[PDB]
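J.: Make a model of this:
(2 chains, ligands or ions: 1)
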Amino acid sequence: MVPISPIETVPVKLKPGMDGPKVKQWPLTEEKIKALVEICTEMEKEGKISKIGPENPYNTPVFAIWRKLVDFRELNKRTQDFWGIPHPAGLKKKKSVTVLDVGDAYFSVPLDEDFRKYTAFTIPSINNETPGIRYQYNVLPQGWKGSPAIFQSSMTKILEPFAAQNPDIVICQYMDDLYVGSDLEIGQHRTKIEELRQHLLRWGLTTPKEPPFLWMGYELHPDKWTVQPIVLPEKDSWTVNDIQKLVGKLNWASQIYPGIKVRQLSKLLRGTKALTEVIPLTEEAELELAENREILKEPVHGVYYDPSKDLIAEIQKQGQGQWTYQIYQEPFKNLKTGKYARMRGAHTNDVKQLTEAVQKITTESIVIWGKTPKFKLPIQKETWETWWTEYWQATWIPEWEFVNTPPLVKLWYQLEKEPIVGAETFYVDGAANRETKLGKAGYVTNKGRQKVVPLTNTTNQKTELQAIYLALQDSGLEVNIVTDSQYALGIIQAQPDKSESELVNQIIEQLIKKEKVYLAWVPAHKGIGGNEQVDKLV
Amino acid sequence: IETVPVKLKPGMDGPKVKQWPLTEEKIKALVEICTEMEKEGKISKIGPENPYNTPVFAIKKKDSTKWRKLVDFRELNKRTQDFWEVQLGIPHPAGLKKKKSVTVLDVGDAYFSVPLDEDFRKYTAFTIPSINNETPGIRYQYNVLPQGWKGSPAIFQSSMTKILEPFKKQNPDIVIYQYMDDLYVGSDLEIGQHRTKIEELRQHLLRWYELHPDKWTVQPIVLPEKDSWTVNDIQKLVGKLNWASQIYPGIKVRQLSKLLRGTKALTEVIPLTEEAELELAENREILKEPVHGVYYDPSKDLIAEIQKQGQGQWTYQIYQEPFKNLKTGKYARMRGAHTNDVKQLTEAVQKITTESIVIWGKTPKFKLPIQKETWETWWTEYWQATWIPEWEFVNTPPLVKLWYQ
Ligand SMILES: N#C/C=C/c1cc(Cl)cc(Oc2ccccc2OCCn2ccc(=O)[nH]c2=O)c1
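T.: Residues are numbered from 1 along each chain as shown, chains lettered A, B, ... in the order given. Below is the structure:
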């Protein structure tokens, strides 16, 4: 016998305040009992388990489905605590790639000896006329909380020296599998695979498909990668669970297929939670999903990563707060794709959303390729310049170039830094009665121009915006507007190009029509002239 | 040479904090550095039995192209037992902020000579991440004292005292303070003599940043001096004065508002009356005094607010309760930061934190005028400091922006 190298165990304790599990053994049938007896017998012969006595009050329940099923749930609660999938696009193309999944994984790794007392279980004898047979685990049990971590740690420990000795190959270690790859000739590669599995055999790790590989919902071909086929359910009644499943699937599909839109479907899930409900769809949603099946008509593939070439990301605005991106190296060959949906705001603009998307793509890139890509953005250098220089918040985007592929991102209006000479000065005000919801909004100017509009079903903020809107409507191409409202100024200083308040949107449109707008603020009630609280308070 | 027992606060477990994505170069630098540190017994690899984790990344200090390892100990620091020693809670050396010049040094090399409590080591666990999760991350734990932990200088206080004992008795006029990995040394001397003294001190360390607190500013609130006043001018004035009235009690804007009466064009010149000029004068006199009843409470949190003024300039305020400011300041500094807002902001946060460390002996909690995601994405690239401040994000534009300009 060639002595196998010992795998040093991992010291394991339980949670403080809790003792080992004690649970009764459920009554089984006779066939189950015999099957379990046979299994445990041969397993004991293999050295993966050992029989115990009465000295072990801890008992974990067991079943049979033959295959043995041990339920560690309670032990999983009382066991201590232990320490994302790789993305195909990040994988660097190699000439040869071998997949080795170690068989009888957990059972090949010994268990902490002092912890073995807690893994005990009982096989009920026939008609309970005899003491139930007692066993305990000498190795890592299938279904234990601490098995995967200990297994992968041991595997890493073993694998380390082979890697350093073979720098000309690259080894990935995921869970129960190893994926080796090299640019070596298939002969040398096969040889080194043999050396590797021998090296694993020294520690007693038993190892055994071929491209393409179906792995984690993907498909890996030698020169390209994709996703496993997406099942699209079709029904006249669309439930909430259907929408969750479909959102998940579409999201999964959008890492490669460009142009996927989940917005309309995600809107249907707001405040629902009812697992069965029949929800009709808007025409926008129907055309959306039709274009989704249209995108899913002829499949396309992603390529692998080459460290020497640059990493490039290009973003397009899809409208309705939706953004789409493609990450590639050479033209028309994508490493991966994706999308960005806007955060839930009150008011917003395109530049902000674009920035957010850039940040997202940057983080994802740093995860996958470990670096920030060069960006191609549908925004002019001058636009970005003006924006970031005049923005009250600090903002930055990494290295990028302008690509002209409409719709472009632009600034729709720009407020003046200083009051405009020869431009009429509109002093505006608005107010409401919080009881009757009645209010007024209007303006007075230096040319004597005045207006006051009465309003029903409104509030102070609404009237304070309304006044500004009126000032915008009734004024020429250049206007100075004075307001006492910190709210309105707070909104306009955020520079939205779109809002969920129609009033605000109307204001925005008015601003767009203007050549020059100077918005000035003054304290209310302090008796500032031109600011008239009396006109709106009658 | 002997480990002093260290535990956590009652009812608190070790920090479990997600490691954020790192760029390839930083990962490599961390790998090399940690290999070297492993060979020196400063850290040792660990197994799955250690669920605890603390974030780690890599930086570059001033005037150096060599990478440095930076652990983020914030969660561990707050979970670390409040450290009181035989020092009896040493009061801050408030003669430090009064000094002519102050030099900051990195003493972190020393912390690696002292062993750490064996039970506590499991809490220092960190992870070097791998690109695209292709291999499990490399996990270490500290043997010696880690830089960045609040317990490290606390434990090393005695050693540091025994080391700096000759220097302090030699020239008592030189103030010495210690915060984290950094050692601050004040003097009234000349910059050359200062630097020579610093060489003397560092060589005195071997055998075992230049600031200017006197040149630091406490900013008064000022009003414009004009021959002619437009409607807009007076309106802004009334705004700033009304704002300041929240702080200074005696501020009254009524006679200035009396000038604005009627509807006039923003650009129309309005002559000041006698009552108005008198009011403005009284306001000026009021603003020239300090603030009434302003004190620093060590049992309270320090808040720092930063406003972006544009053209590379930034303003800030350190306070405890609103409208009562312990300090205010302005940062125009231009070094290679012209085209980058976030780099500027980062260096500003560093400056303010440093000043705060000098004055109160502790760092403030910043309120940053930046989106969470942008900051979180880019802040580690520009960060040269060994400690880290806490921060939050203000996403609503302040109206007071131009009132500090
Ligand atoms: N089941 C299963 C397999 C899954 C699997 C998972 C990972 Cl994380 C990596 C992997 O293959 C690689 C292993 C080592 C280095 C590079 C590799 O890939 C580089 C790209 N590539 C992919 C497939 C192919 O045939 N050729 C090829 O060059 C395979």
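
J.: from here on, contacts and neighbour counts on C-alpha atoms
T.: Noted.

J.: Can you report how many residues neighbour the residue of the stretch 201-350 of chain B found nearest chain A?
T.: Per CA to the nearest CA, residue B:261 is where the stretch 201-350 of chain B lies closest to chain A, at 3.5 Å. Counted with other CA atoms under 10 Å in any protein chain shown, the neighbours of residue B:261 add up to 14.

J.: Isn't residue A:421 up against residue B:267?
T.: Yes: between residue A:421 and residue B:267 there is a contact at 6.1 Å, judged by CA atoms under 8 Å.

J.: neighbour-wise, which of these two wins?
T.: Of the pair residue A:421 and residue B:267, residue B:267 is the one with more neighbours under other CA under 10 Å, namely 19 against 14.

J.: Quick one: residues contacting that one.
T.: Going by CA atoms under 8 Å, 6 or more residues apart in numbering or on different chains, residue B:267 touches A:419-421, B:230-232.

J.: Okay, it and residue A:42: tell me how far apart.
T.: 98 Å (CA to CA, to the nearest Å).

J.: residues touching the residue of the stretch 401-538 of chain A found nearest chain B, list them.
T.: Closest to chain B within the stretch 401-538 of chain A is residue A:529: 3.5 Å, counting by CA to the nearest CA. Residue A:529 makes contact with B:257-263 under the criterion CA under 8 Å, 6+ apart.

J.: Kindly list the main-chain dihedrals of residue A:355?
T.: phi -60, psi -50 (degrees, to the nearest 10).

J.: tell me which element the residue in the stretch 251-400 of chain B positioned nearest to the ligand falls in.
T.: Taking CA to the nearest ligand atom, the ligand has its nearest neighbour within the stretch 251-400 of chain B at residue B:377, 25.5 Å off. According to DSSP states H and E, residue B:377 maps onto helix B:372-378.

J.: and the residue nearest to residue A:522 when sequence neighbours are not counted, how many residues sit next to it?
T.: In space, and not counting its chain neighbours, residue A:522 is closest to residue A:484: 5.0 Å by CA to CA, 6 or more residues apart in numbering or on different chains. By other CA under 10 Å, 23 other residues sit near residue A:484.

J.: sorry, back to before: among the contacts of residue B:267, which are located in helices?
T.: B:231-232 (DSSP state H).

J.: Go ahead and build a PyMOL selection from the buried members of the contacts of residue B:267.
T.: Selecting only the buried entries of the contacts of residue B:267 in PyMOL, with 16 or more other CA atoms under 10 Å in any protein chain shown as the criterion:
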select buried, (chain A and resi 419+420) or (chain B and resi 230+231+232)
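
J.: Mind picking the one among the contacts of residue B:267 that's closest to the ligand?
T.: Of the contacts of residue B:267, the one sitting nearest to the ligand (CA to the nearest ligand atom) turns out to be residue A:419, at 61.3 Å.

J.: I'd guessed that closest one sits against residue B:268; true?
T.: No: with contact defined as CA under 8 Å, residue A:419 and residue B:268 do not form a contacting pair (10.5 Å).

J.: OK, contacts around the residue in the stretch 301-450 of chain A that the ligand sits nearest to?
T.: Nearest residue of the stretch 301-450 of chain A to the ligand, counting by CA to the nearest ligand atom: residue A:304, 5.9 Å away. Residues near residue A:304 by CA under 8 Å, 6+ apart: A:88-93, A:223-225, A:335.

J.: Which pair of these spans the longest distance?
T.: A:90 and A:223 (13.2 Å; CA to CA).

J.: Compare these two and say which one has the larger neighbour count.
T.: Each of residue A:90 and residue A:223 has its neighbours counted (other CA under 10 Å); residue A:90 has more, 23 against 13.

J.: and that one, what does it touch?
T.: A:304-305, A:368-369, B:132.

J.: Output those as a markdown table; include the columns secondary structure and distance to residue A:398.
T.: Output for the contacts of residue A:90, formatted as a markdown table (DSSP: H, G, I helix; E, B strand; the rest coil; distance: CA to CA, whole Å):
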| residue | secondary structure | distance to residue A:398 |
| --- | --- | --- |
| A:304 | coil | 24 |
| A:305 | strand | 21 |
| A:368 | helix | 17 |
| A:369 | coil | 16 |
| B:132 | helix | 21 |
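
J.: Using the record's assignment, carve the chain into domains.
T.: Assuming you mean chain A. Domains of chain A are assigned by curated CATH domains as A:1-83+A:107-147, A:84-106+A:148-211, A:212-305, A:306-412, A:413-538.

J.: hmm, I had chain B in mind actually
T.: Split by curated CATH domains, chain B gives B:5-94+B:120-160, B:95-119+B:161-210, B:211-296, B:297-405.

J.: Those: which one's closest to residue A:12?
T.: Checking the domains of chain B against residue A:12 by CA to CA gives domain B:5-94+B:120-160 as the closest, at 6.4 Å.

J.: From one end of that closest one to the other, what's the distance?
T.: 19 Å.

J.: And for the helix or strand hosting residue B:242, what's in contact with it?
T.: Counting by DSSP H and E, the element that carries residue B:242 is helix B:231-244. Residues outside helix B:231-244 that contact it (CA under 8 Å, 6+ apart) are A:419, A:521-523, A:528, B:223, B:251-253, B:256-257, B:260, B:264-270, B:403.

J.: ok, residue B:57 to residue B:384 distance?
T.: On the measure of CA to CA, residue B:57 and residue B:384 end up 12 Å apart.

J.: higher neighbour count, these two?
T.: For residue B:57 versus residue B:384, neighbours defined as other CA under 10 Å are more numerous around residue B:57 (23 against 17).
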